[PDB]
Structure formats: C-alpha cells, structure tokens
Amino acid sequence: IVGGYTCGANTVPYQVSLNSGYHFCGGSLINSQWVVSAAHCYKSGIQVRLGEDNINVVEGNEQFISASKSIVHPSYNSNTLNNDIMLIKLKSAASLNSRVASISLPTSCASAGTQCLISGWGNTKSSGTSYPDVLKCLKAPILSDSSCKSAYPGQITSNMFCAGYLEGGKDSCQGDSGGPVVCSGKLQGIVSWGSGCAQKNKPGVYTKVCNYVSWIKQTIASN
Ligand SMILES: CC(=N)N1CCC(Oc2ccc([C@@H](Cc3ccc4ccc(C(=N)N)cc4c3)C(=O)O)cc2)CC1
Ligand SMILES: [Ca+2]
C-alpha cells in the first residue's frame, strides 16, 4: 500500500496473508473455511495465515492453516486478468473470534464515489521496493466507469472497477494482490492490477466481486 497508514493490530480481522515461505498475496476470509483471493495468486503449497499483524514475528492470535484446495475461476484469462478471482478452502475451519472474523459478500454493486478500505502487506513505494512488517491501510473511493476506461482504454471489462486517486501518491501495489476492498462492511473488490503504483492518472484496478456472488455461493455449496 503506497501512501497509506498503519492499520493497527487486528483491526482488519478478515485480512489473510497467503504464505509459501514468505508473504506473496493477500486474501479475505468469507466464512470459517473459505478465503477469496485473486486468481493470479494461484500457487501450490499455500499456507493461509489468519490473525496477522507483523508478518515476521509470532505475536499471538495467528492461525496457520494449510489450503486443502484452490479453485481458480474457470474463465480466468491470464493476459487480460478478466475473472481474476480464486476461492481457497482451508484444511480445517478457522477459529473465529474478535481478531479473526469473516467479511460479508455484497448483495448489490457499489456506486462511484463510495469510500472503501483497502489493506495489505504489499510494496509501500512508487519508485523502488519497500515491504512493511505490519499491515497497511488506505481509504479510497470507487471511480466512475468513464474515468476508469479513460485511464485504461480497452482494458477494463465489466468485471473490473477502478478505485483510488488520479493525482497519484496513494494506491495498492504488488504484494497487495488478492487483498480486500471493503465498502460499507461488504467485500466489493479484490486487488488485481494497475500500471505501476500510485502513478498520476493510473488508479488501481479491482475485480468486481458483486458480479461473482452467485458463482461463489454455488461453488462453495458443491465443495
Ligand atoms: C493487456 C491488458 N488488457 N492488460 C495489461 C496488463 C494487465 O495486467 C497486469 C499484470 C501485472 C502487472 C505488473 C505487476 C503488478 C501486480 C499487482 C498490482 C496490484 C495493484 C497495482 C495498483 N497500481 N493498484 C499494481 C500491480 C502491478 C507488472 O508490471 O508486471 C501489470 C498489469 C491486465 C490488463
Ligand atoms: Ca509474524
């Protein structure tokens, strides 16, 4: 997260860290046994780490659970990043409490202007690389489809939305991928892509979760 702030230990209880010997992607806990992330985060040997703040020190409240199966959306396209969504089933159900809780799926899509909270352990620099120990947060509004498509001509599908600041300086970045975009207590987006990080006129692009509610529910029910 570039230009964000330190969230505060366990203040984003649904935030998950995907680990394979190091943090590589974020995710959101949607129930005691399922996590939603980005399809581009797919990898074998994924350990889901819940209740994390400092990802390098064991501070208490952490729950490490192996992924039993990762389900990449069947229509995911690695070049366009259309349908960039993946469901991860935990080997065992997480112990939900004050510091580890699930986030609700939306019943309707969010409109332009809606303020949302984006979080992650991704790169904190626009030019260069600097990964944080603790979780970073950023409040950003959903942009209009017009501005989104003007920024990324021919690359925005109906399953994507832009969020952020056109003036640059505040944005999600590499490492934040798969993480949550929560608006009014509902998970509306998943960190997907963008051109660089926190660049002028190049806001972040996110997977539009409201378009996948039926798919998520049907898939979870059959697995
Ligand atoms: C051809 C096309 N339709 N496109 C262009 C490529 C685009 O996908 C991608 C895929 C990867 C990349 C980056 C890596 C990267 C990864 C995660 C990111 C997460 C967030 C942000 C952001 N600025 N919000 C930027 C990121 C940049 C990189 O430079 O390797 C950039 C665009 C999909 C859309
Ligand atoms: Ca740690």
# chains A, B, ... in the order shown; residues from 1 in each chain; ligands from 1
>>> residues_near_ligand(ligand="ligand 2", cutoff="8 Å", atoms="only C-alpha atoms and all ligand atoms", output="ChimeraX atom specification")
/A:52-59,62
>>> residues_near_ligand(ligand="ligand 1", cutoff="8 Å", atoms="only C-alpha atoms and all ligand atoms", output="list in words")
residues 78, 79, 80, 81, 82, 154, 155, 156, 171, 172, 173, 174, 175, 176, 177, 191, 192, 193, 194, 195, 196, 197, 198, 199, 202, 203, 204, 205 and 206 of chain A
>>> write_last_selection(atoms="C-alpha atoms", output="JSON list (two decimals), in the first residue's frame")
[["chain", "number", "residue", "atom", "x", "y", "z"],
["A", 78, "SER", "CA", -4.00, -14.52, -17.52],
["A", 79, "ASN", "CA", -3.37, -11.84, -20.16],
["A", 80, "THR", "CA", -6.40, -9.62, -19.62],
["A", 81, "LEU", "CA", -6.88, -10.54, -15.94],
["A", 82, "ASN", "CA", -10.60, -10.80, -16.61],
["A", 154, "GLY", "CA", -9.75, -1.13, -23.98],
["A", 155, "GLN", "CA", -8.52, -2.96, -20.88],
["A", 156, "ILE", "CA", -11.45, -2.56, -18.48],
["A", 171, "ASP", "CA", -2.67, 3.23, -4.24],
["A", 172, "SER", "CA", -2.41, -0.53, -3.67],
["A", 173, "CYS", "CA", 0.68, -2.21, -5.15],
["A", 174, "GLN", "CA", 2.47, -5.52, -5.78],
["A", 175, "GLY", "CA", 2.12, -7.79, -2.76],
["A", 176, "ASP", "CA", -1.34, -6.38, -2.00],
["A", 177, "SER", "CA", -2.73, -8.63, -4.79],
["A", 191, "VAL", "CA", -6.71, -6.14, -5.56],
["A", 192, "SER", "CA", -5.94, -7.09, -9.17],
["A", 193, "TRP", "CA", -3.66, -4.85, -11.27],
["A", 194, "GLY", "CA", -2.67, -1.37, -12.37],
["A", 195, "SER", "CA", 0.10, 0.44, -14.26],
["A", 196, "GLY", "CA", 2.93, 0.88, -11.78],
["A", 197, "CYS", "CA", 1.86, 2.07, -8.32],
["A", 198, "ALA", "CA", 0.44, 5.41, -7.20],
["A", 199, "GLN", "CA", 1.13, 6.94, -10.61],
["A", 202, "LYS", "CA", -3.25, 5.33, -13.36],
["A", 203, "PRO", "CA", -5.55, 4.23, -10.50],
["A", 204, "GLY", "CA", -5.74, 0.68, -9.21],
["A", 205, "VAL", "CA", -7.95, -1.86, -10.97],
["A", 206, "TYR", "CA", -10.02, -4.32, -8.94]]
>>> residues_around(residues="stretch 91-105 of chain A", least_positions_apart="2", cutoff="6 Å", atoms="only C-alpha atoms", output="list in words")
residues 10, 13, 14, 29, 30, 31, 32, 33, 51, 66, 67, 68, 186 and 187 of chain A
>>> write_last_selection(atoms="N, CA and C atoms", output="PDB file, in the first residue's frame")
ATOM      1  N   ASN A  10      -4.771  -6.276  14.253  1.00  0.00           N
ATOM      2  CA  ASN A  10      -6.060  -6.959  14.160  1.00  0.00           C
ATOM      3  C   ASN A  10      -7.299  -6.094  13.945  1.00  0.00           C
ATOM      4  N   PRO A  13      -9.826  -7.788  10.830  1.00  0.00           N
ATOM      5  CA  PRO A  13      -9.923  -9.215  11.149  1.00  0.00           C
ATOM      6  C   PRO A  13     -10.143 -10.217  10.019  1.00  0.00           C
ATOM      7  N   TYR A  14     -10.621  -9.752   8.868  1.00  0.00           N
ATOM      8  CA  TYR A  14     -10.863 -10.641   7.729  1.00  0.00           C
ATOM      9  C   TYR A  14      -9.664 -10.733   6.785  1.00  0.00           C
ATOM     10  N   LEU A  29     -11.231 -13.560   4.386  1.00  0.00           N
ATOM     11  CA  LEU A  29     -11.940 -14.680   4.987  1.00  0.00           C
ATOM     12  C   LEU A  29     -13.441 -14.400   4.830  1.00  0.00           C
ATOM     13  N   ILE A  30     -14.171 -15.292   4.161  1.00  0.00           N
ATOM     14  CA  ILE A  30     -15.610 -15.081   3.956  1.00  0.00           C
ATOM     15  C   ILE A  30     -16.505 -15.981   4.810  1.00  0.00           C
ATOM     16  N   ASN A  31     -15.914 -17.018   5.393  1.00  0.00           N
ATOM     17  CA  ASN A  31     -16.596 -17.923   6.322  1.00  0.00           C
ATOM     18  C   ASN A  31     -15.494 -18.697   7.031  1.00  0.00           C
ATOM     19  N   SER A  32     -15.836 -19.567   7.974  1.00  0.00           N
ATOM     20  CA  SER A  32     -14.810 -20.290   8.727  1.00  0.00           C
ATOM     21  C   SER A  32     -13.869 -21.193   7.939  1.00  0.00           C
ATOM     22  N   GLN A  33     -14.228 -21.547   6.711  1.00  0.00           N
ATOM     23  CA  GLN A  33     -13.371 -22.438   5.951  1.00  0.00           C
ATOM     24  C   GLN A  33     -13.036 -21.981   4.532  1.00  0.00           C
ATOM     25  N   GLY A  51      -5.244 -13.761  11.384  1.00  0.00           N
ATOM     26  CA  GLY A  51      -4.937 -13.007  12.594  1.00  0.00           C
ATOM     27  C   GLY A  51      -3.550 -12.400  12.662  1.00  0.00           C
ATOM     28  N   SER A  66      -3.280 -24.880   6.374  1.00  0.00           N
ATOM     29  CA  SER A  66      -2.958 -25.230   5.001  1.00  0.00           C
ATOM     30  C   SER A  66      -4.201 -25.171   4.128  1.00  0.00           C
ATOM     31  N   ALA A  67      -4.006 -24.804   2.868  1.00  0.00           N
ATOM     32  CA  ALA A  67      -5.099 -24.760   1.912  1.00  0.00           C
ATOM     33  C   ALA A  67      -5.330 -26.211   1.472  1.00  0.00           C
ATOM     34  N   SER A  68      -6.581 -26.657   1.459  1.00  0.00           N
ATOM     35  CA  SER A  68      -6.889 -28.015   1.024  1.00  0.00           C
ATOM     36  C   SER A  68      -7.092 -28.016  -0.490  1.00  0.00           C
ATOM     37  N   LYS A 186     -18.998  -4.512   3.295  1.00  0.00           N
ATOM     38  CA  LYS A 186     -19.136  -5.549   2.271  1.00  0.00           C
ATOM     39  C   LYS A 186     -17.883  -5.617   1.413  1.00  0.00           C
ATOM     40  N   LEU A 187     -17.467  -6.833   1.066  1.00  0.00           N
ATOM     41  CA  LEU A 187     -16.301  -7.041   0.207  1.00  0.00           C
ATOM     42  C   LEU A 187     -16.727  -6.743  -1.235  1.00  0.00           C
TER      43      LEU A 187
END
>>> residues_around(residues="residue A:45", least_positions_apart="4", cutoff="12 Å", atoms="only C-alpha atoms", output="MDAnalysis selection string")
chainID A and resid 18:22 24 41 65:70 88
>>> write_last_selection(atoms="N, CA and C atoms", output="mmCIF file, in the first residue's frame")
data_model
loop_
_atom_site.group_PDB
_atom_site.id
_atom_site.type_symbol
_atom_site.label_atom_id
_atom_site.label_comp_id
_atom_site.auth_asym_id
_atom_site.auth_seq_id
_atom_site.Cartn_x
_atom_site.Cartn_y
_atom_site.Cartn_z
ATOM 1 N N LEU A 18 -1.301 -14.961 2.371
ATOM 2 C CA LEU A 18 -1.014 -16.242 1.713
ATOM 3 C C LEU A 18 0.507 -16.374 1.774
ATOM 4 N N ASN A 19 0.966 -17.488 2.328
ATOM 5 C CA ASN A 19 2.386 -17.716 2.551
ATOM 6 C C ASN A 19 2.917 -19.019 1.951
ATOM 7 N N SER A 20 4.105 -18.939 1.360
ATOM 8 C CA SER A 20 4.787 -20.096 0.787
ATOM 9 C C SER A 20 6.270 -19.941 1.163
ATOM 10 N N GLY A 21 6.519 -19.655 2.439
ATOM 11 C CA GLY A 21 7.873 -19.433 2.915
ATOM 12 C C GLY A 21 8.156 -17.939 2.984
ATOM 13 N N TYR A 22 7.172 -17.149 2.561
ATOM 14 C CA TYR A 22 7.218 -15.687 2.544
ATOM 15 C C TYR A 22 5.809 -15.237 2.123
ATOM 16 N N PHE A 24 3.150 -13.673 -0.178
ATOM 17 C CA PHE A 24 3.090 -13.402 -1.611
ATOM 18 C C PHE A 24 1.764 -12.798 -2.082
ATOM 19 N N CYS A 41 -2.851 -15.147 -8.026
ATOM 20 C CA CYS A 41 -2.083 -15.501 -6.835
ATOM 21 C C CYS A 41 -1.967 -17.011 -6.713
ATOM 22 N N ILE A 65 -3.128 -22.244 8.665
ATOM 23 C CA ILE A 65 -3.895 -23.380 8.171
ATOM 24 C C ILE A 65 -3.558 -23.630 6.709
ATOM 25 N N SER A 66 -3.280 -24.880 6.374
ATOM 26 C CA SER A 66 -2.958 -25.230 5.001
ATOM 27 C C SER A 66 -4.201 -25.171 4.128
ATOM 28 N N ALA A 67 -4.006 -24.804 2.868
ATOM 29 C CA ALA A 67 -5.099 -24.760 1.912
ATOM 30 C C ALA A 67 -5.330 -26.211 1.472
ATOM 31 N N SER A 68 -6.581 -26.657 1.459
ATOM 32 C CA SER A 68 -6.889 -28.015 1.024
ATOM 33 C C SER A 68 -7.092 -28.016 -0.490
ATOM 34 N N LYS A 69 -7.629 -26.921 -1.020
ATOM 35 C CA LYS A 69 -7.838 -26.787 -2.462
ATOM 36 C C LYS A 69 -8.026 -25.333 -2.871
ATOM 37 N N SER A 70 -7.508 -24.988 -4.047
ATOM 38 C CA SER A 70 -7.624 -23.641 -4.586
ATOM 39 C C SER A 70 -8.401 -23.775 -5.885
ATOM 40 N N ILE A 88 -10.246 -20.333 -1.922
ATOM 41 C CA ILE A 88 -9.351 -21.269 -1.255
ATOM 42 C C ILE A 88 -10.101 -21.909 -0.099
#
>>> residues_around(residues="residue A:214", least_positions_apart="6", cutoff="12 Å", atoms="only C-alpha atoms", output="list in words")
residues 105, 106, 107, 108, 220 and 221 of chain A
>>> closest_residue(among="A:211, A:44, A:114, A:188", to="residue A:157", atoms="only C-alpha atoms")
A:211
>>> residues_around(residues="residue A:42", least_positions_apart="6", cutoff="9 Å", atoms="only C-alpha atoms", output="list in words")
residues 70, 71, 72 and 86 of chain A
>>> residues_around(residues="residue A:137", least_positions_apart="3", cutoff="8 Å", atoms="only C-alpha atoms", output="ChimeraX atom specification")
/A:1,4-7,117-120
>>> write_last_selection(atoms="C-alpha atoms", output="JSON list (two decimals), in the first residue's frame")
[["chain", "number", "residue", "atom", "x", "y", "z"],
["A", 1, "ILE", "CA", 0.00, 0.00, 0.00],
["A", 4, "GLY", "CA", -1.45, 4.53, 3.43],
["A", 5, "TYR", "CA", -1.27, 4.21, 7.21],
["A", 6, "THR", "CA", -0.60, 1.51, 9.80],
["A", 7, "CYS", "CA", -3.96, -0.17, 10.38],
["A", 117, "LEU", "CA", -10.83, 0.41, 2.86],
["A", 118, "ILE", "CA", -8.02, -1.42, 1.06],
["A", 119, "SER", "CA", -5.32, -3.25, 3.04],
["A", 120, "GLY", "CA", -2.21, -5.37, 2.60]]
>>> closest_residue(among="A:11, A:60, A:17, A:143", to="residue A:110", atoms="only C-alpha atoms")
A:143
>>> closest_residue(among="A:113, A:166, A:61, A:36", to="residue A:9", atoms="only C-alpha atoms")
A:61
>>> select_by_dssp(residues="stretch 16-163 of chain A", states="strand (DSSP E)", output="CSV table (one decimal) with C-alpha atoms, in the first residue's frame")
chain,number,residue,atom,x,y,z
A,16,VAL,CA,-5.4,-13.0,5.3
A,17,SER,CA,-1.8,-13.5,4.3
A,18,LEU,CA,-1.0,-16.2,1.7
A,19,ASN,CA,2.4,-17.7,2.6
A,23,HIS,CA,4.1,-13.5,2.1
A,24,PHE,CA,3.1,-13.4,-1.6
A,25,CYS,CA,-0.6,-12.4,-1.7
A,26,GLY,CA,-3.5,-11.2,0.5
A,27,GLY,CA,-7.0,-12.6,0.8
A,28,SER,CA,-10.3,-12.2,2.6
A,29,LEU,CA,-11.9,-14.7,5.0
A,30,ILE,CA,-15.6,-15.1,4.0
A,31,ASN,CA,-16.6,-17.9,6.3
A,34,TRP,CA,-13.2,-20.3,2.8
A,35,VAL,CA,-10.9,-17.5,1.6
A,36,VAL,CA,-11.4,-15.4,-1.5
A,37,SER,CA,-8.3,-14.1,-3.3
A,47,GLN,CA,-0.5,-21.8,3.8
A,48,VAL,CA,-3.2,-19.4,4.9
A,49,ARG,CA,-2.2,-17.1,7.8
A,50,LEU,CA,-5.0,-15.6,9.8
A,63,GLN,CA,-3.7,-19.2,13.0
A,64,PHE,CA,-1.7,-21.1,10.3
A,65,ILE,CA,-3.9,-23.4,8.2
A,66,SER,CA,-3.0,-25.2,5.0
A,67,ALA,CA,-5.1,-24.8,1.9
A,68,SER,CA,-6.9,-28.0,1.0
A,69,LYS,CA,-7.8,-26.8,-2.5
A,70,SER,CA,-7.6,-23.6,-4.6
A,71,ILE,CA,-10.3,-23.0,-7.2
A,72,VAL,CA,-9.3,-20.6,-9.9
A,86,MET,CA,-9.9,-17.6,-6.7
A,87,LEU,CA,-11.5,-19.4,-3.8
A,88,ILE,CA,-9.4,-21.3,-1.3
A,89,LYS,CA,-10.8,-23.9,1.0
A,90,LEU,CA,-9.0,-24.4,4.4
A,115,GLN,CA,-15.4,5.2,0.1
A,116,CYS,CA,-13.7,1.8,0.7
A,117,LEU,CA,-10.8,0.4,2.9
A,118,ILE,CA,-8.0,-1.4,1.1
A,119,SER,CA,-5.3,-3.2,3.0
A,120,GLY,CA,-2.2,-5.4,2.6
A,136,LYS,CA,-1.1,-1.1,5.9
A,137,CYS,CA,-4.5,0.5,5.2
A,138,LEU,CA,-5.8,3.0,2.7
A,139,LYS,CA,-9.2,4.6,2.3
A,140,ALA,CA,-10.0,5.2,-1.4
A,141,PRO,CA,-13.2,5.9,-3.4
A,160,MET,CA,-13.4,-4.6,-13.1
A,161,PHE,CA,-13.6,-1.2,-11.4
A,162,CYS,CA,-11.1,1.5,-10.6
A,163,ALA,CA,-10.5,2.9,-7.2
>>> closest_residue(among="A:200, A:150, A:216, A:134", to="residue A:121", atoms="only C-alpha atoms")
A:134
>>> closest_residue(among="A:39, A:12, A:135, A:169", to="residue A:207", atoms="only C-alpha atoms")
A:39
>>> atom_distance(atom1="atom CA of residue A:109", atom2="atom CA of residue A:213")
10.3 Å
>>> decode(residues="stretch 145-193 of chain A", atoms="N, CA and C atoms", output="short mmCIF file (atom, residue, chain, number, x, y, z; two decimals), in the first residue's frame")
data_model
loop_
_atom_site.label_atom_id
_atom_site.label_comp_id
_atom_site.auth_asym_id
_atom_site.auth_seq_id
_atom_site.Cartn_x
_atom_site.Cartn_y
_atom_site.Cartn_z
N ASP A 145 -17.01 4.71 -14.12
CA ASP A 145 -16.58 3.83 -15.19
C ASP A 145 -15.92 4.64 -16.29
N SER A 146 -16.44 5.84 -16.54
CA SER A 146 -15.90 6.72 -17.57
C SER A 146 -14.43 7.05 -17.32
N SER A 147 -14.11 7.46 -16.10
CA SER A 147 -12.73 7.81 -15.77
C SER A 147 -11.84 6.57 -15.79
N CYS A 148 -12.38 5.44 -15.37
CA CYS A 148 -11.63 4.19 -15.35
C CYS A 148 -11.24 3.80 -16.78
N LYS A 149 -12.21 3.80 -17.68
CA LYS A 149 -11.97 3.46 -19.08
C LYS A 149 -11.12 4.48 -19.82
N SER A 150 -11.15 5.73 -19.37
CA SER A 150 -10.32 6.76 -19.99
C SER A 150 -8.86 6.54 -19.59
N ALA A 151 -8.65 6.04 -18.37
CA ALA A 151 -7.30 5.77 -17.87
C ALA A 151 -6.69 4.51 -18.50
N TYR A 152 -7.52 3.50 -18.73
CA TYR A 152 -7.07 2.23 -19.31
C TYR A 152 -7.92 1.84 -20.51
N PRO A 153 -7.79 2.57 -21.62
CA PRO A 153 -8.56 2.30 -22.84
C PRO A 153 -8.48 0.84 -23.32
N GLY A 154 -9.65 0.24 -23.50
CA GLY A 154 -9.75 -1.13 -23.98
C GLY A 154 -9.26 -2.25 -23.07
N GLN A 155 -9.01 -1.95 -21.80
CA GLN A 155 -8.52 -2.96 -20.88
C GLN A 155 -9.46 -3.23 -19.71
N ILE A 156 -10.50 -2.42 -19.59
CA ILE A 156 -11.45 -2.56 -18.48
C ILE A 156 -12.69 -3.34 -18.91
N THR A 157 -12.91 -4.50 -18.29
CA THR A 157 -14.07 -5.31 -18.62
C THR A 157 -15.16 -5.00 -17.60
N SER A 158 -16.35 -5.56 -17.79
CA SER A 158 -17.45 -5.32 -16.87
C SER A 158 -17.21 -5.97 -15.50
N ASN A 159 -16.15 -6.76 -15.38
CA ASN A 159 -15.82 -7.44 -14.13
C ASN A 159 -14.70 -6.72 -13.38
N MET A 160 -14.49 -5.45 -13.72
CA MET A 160 -13.45 -4.65 -13.11
C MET A 160 -13.95 -3.26 -12.79
N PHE A 161 -13.32 -2.62 -11.81
CA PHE A 161 -13.64 -1.24 -11.45
C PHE A 161 -12.37 -0.58 -10.96
N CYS A 162 -12.30 0.74 -11.09
CA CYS A 162 -11.14 1.48 -10.64
C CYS A 162 -11.43 2.12 -9.29
N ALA A 163 -10.40 2.23 -8.47
CA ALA A 163 -10.52 2.87 -7.17
C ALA A 163 -9.19 3.55 -6.87
N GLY A 164 -9.24 4.71 -6.23
CA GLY A 164 -8.01 5.39 -5.92
C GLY A 164 -8.02 6.89 -6.15
N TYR A 165 -6.85 7.41 -6.51
CA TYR A 165 -6.64 8.84 -6.71
C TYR A 165 -5.90 9.12 -8.01
N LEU A 166 -6.53 9.90 -8.88
CA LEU A 166 -5.92 10.25 -10.16
C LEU A 166 -4.69 11.14 -10.01
N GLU A 167 -4.57 11.84 -8.89
CA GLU A 167 -3.42 12.70 -8.67
C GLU A 167 -2.17 11.91 -8.28
N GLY A 168 -2.34 10.61 -8.04
CA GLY A 168 -1.22 9.77 -7.66
C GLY A 168 -0.90 9.86 -6.17
N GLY A 169 0.10 9.10 -5.73
CA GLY A 169 0.51 9.13 -4.34
C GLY A 169 -0.12 8.16 -3.35
N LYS A 170 -1.30 7.64 -3.67
CA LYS A 170 -1.99 6.69 -2.79
C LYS A 170 -2.58 5.60 -3.68
N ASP A 171 -2.21 4.35 -3.41
CA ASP A 171 -2.67 3.23 -4.24
C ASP A 171 -2.27 1.89 -3.62
N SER A 172 -2.83 0.79 -4.12
CA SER A 172 -2.41 -0.53 -3.67
C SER A 172 -1.21 -0.83 -4.59
N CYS A 173 -0.49 -1.91 -4.34
CA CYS A 173 0.68 -2.21 -5.15
C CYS A 173 0.98 -3.71 -5.13
N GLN A 174 2.08 -4.12 -5.76
CA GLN A 174 2.47 -5.52 -5.78
C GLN A 174 2.58 -6.03 -4.34
N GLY A 175 2.08 -7.23 -4.10
CA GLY A 175 2.12 -7.79 -2.76
C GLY A 175 0.77 -7.63 -2.08
N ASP A 176 0.00 -6.64 -2.52
CA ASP A 176 -1.34 -6.38 -2.00
C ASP A 176 -2.34 -7.26 -2.76
N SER A 177 -1.92 -7.76 -3.93
CA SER A 177 -2.73 -8.63 -4.79
C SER A 177 -3.56 -9.65 -4.04
N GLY A 178 -4.83 -9.79 -4.43
CA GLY A 178 -5.71 -10.74 -3.79
C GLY A 178 -6.39 -10.21 -2.55
N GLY A 179 -5.89 -9.10 -2.03
CA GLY A 179 -6.44 -8.49 -0.83
C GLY A 179 -7.81 -7.87 -1.01
N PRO A 180 -8.45 -7.48 0.11
CA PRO A 180 -9.78 -6.88 0.16
C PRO A 180 -9.96 -5.40 -0.13
N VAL A 181 -11.13 -5.08 -0.69
CA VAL A 181 -11.56 -3.71 -0.94
C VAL A 181 -12.95 -3.79 -0.30
N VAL A 182 -13.06 -3.26 0.91
CA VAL A 182 -14.30 -3.31 1.66
C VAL A 182 -15.00 -1.97 1.73
N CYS A 183 -16.27 -1.95 1.36
CA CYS A 183 -17.06 -0.72 1.36
C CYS A 183 -18.35 -0.99 2.11
N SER A 184 -18.60 -0.19 3.14
CA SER A 184 -19.80 -0.32 3.96
C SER A 184 -19.98 -1.74 4.51
N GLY A 185 -18.90 -2.31 5.01
CA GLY A 185 -18.95 -3.65 5.57
C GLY A 185 -19.12 -4.79 4.59
N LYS A 186 -19.00 -4.51 3.29
CA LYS A 186 -19.14 -5.55 2.27
C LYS A 186 -17.88 -5.62 1.41
N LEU A 187 -17.47 -6.83 1.07
CA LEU A 187 -16.30 -7.04 0.21
C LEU A 187 -16.73 -6.74 -1.24
N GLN A 188 -16.32 -5.60 -1.77
CA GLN A 188 -16.70 -5.22 -3.13
C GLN A 188 -15.60 -5.49 -4.16
N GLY A 189 -14.35 -5.52 -3.72
CA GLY A 189 -13.27 -5.75 -4.67
C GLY A 189 -12.11 -6.59 -4.18
N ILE A 190 -11.28 -7.00 -5.13
CA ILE A 190 -10.08 -7.80 -4.86
C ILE A 190 -8.96 -7.08 -5.60
N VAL A 191 -7.85 -6.81 -4.92
CA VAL A 191 -6.71 -6.14 -5.56
C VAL A 191 -6.25 -6.98 -6.76
N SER A 192 -6.29 -6.38 -7.95
CA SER A 192 -5.94 -7.09 -9.17
C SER A 192 -4.70 -6.57 -9.90
N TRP A 193 -4.79 -5.40 -10.53
CA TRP A 193 -3.66 -4.85 -11.27
C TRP A 193 -3.69 -3.34 -11.38
#
